[PDB]
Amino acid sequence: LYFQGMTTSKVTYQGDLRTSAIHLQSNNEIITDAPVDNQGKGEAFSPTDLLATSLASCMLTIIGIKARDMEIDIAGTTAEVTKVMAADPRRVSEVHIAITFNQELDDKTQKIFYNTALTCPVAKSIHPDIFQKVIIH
């Protein structure tokens, strides 16, 4: 097929292992840096940190859709993201997401939110061998 679609973002390599990405539609900007572990500036999310975080953002977003449909205000809910790497080749092996809701939730709802989270688009777009560990506090 001869058609190429609308661009999502434009990333610019700025030197010193740093990148800057602009999202076309919104015009918002994101920076990445390599860790000091391999000579980067380390004053921004690394690209793999960004991937780990996108999973958590996706989970909270799809939970928000479900919370909106169920008429549950979940503003102030938080997700602590921890990543584990494997070597040879360097890649993400686990992403641990600890979700803390602003209010008290019953078992049925926690389970709905848990299950909805695991089916989200980013969950289905990362390597299946990655252990996606979600805990609700």
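Quick note: we count residues from 1 along the sequence shown, nothing fancier.
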80-88 or 31-39, whichever carries the higher mean Cα B-factor: 31-39
B-factor third for the C-alpha atom of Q110 within its chain: middle
Ranked C-alpha temperature factor of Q25 among modelled chain residues, by third: highest
Cα B factor band for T53 (lowest, middle or highest third within the chain): middle
Among modelled residues of the same chain, the CA temperature factor third for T19: lowest
Chain third (lowest, middle, highest) by recorded CA B-factor, residue given as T12: lowest
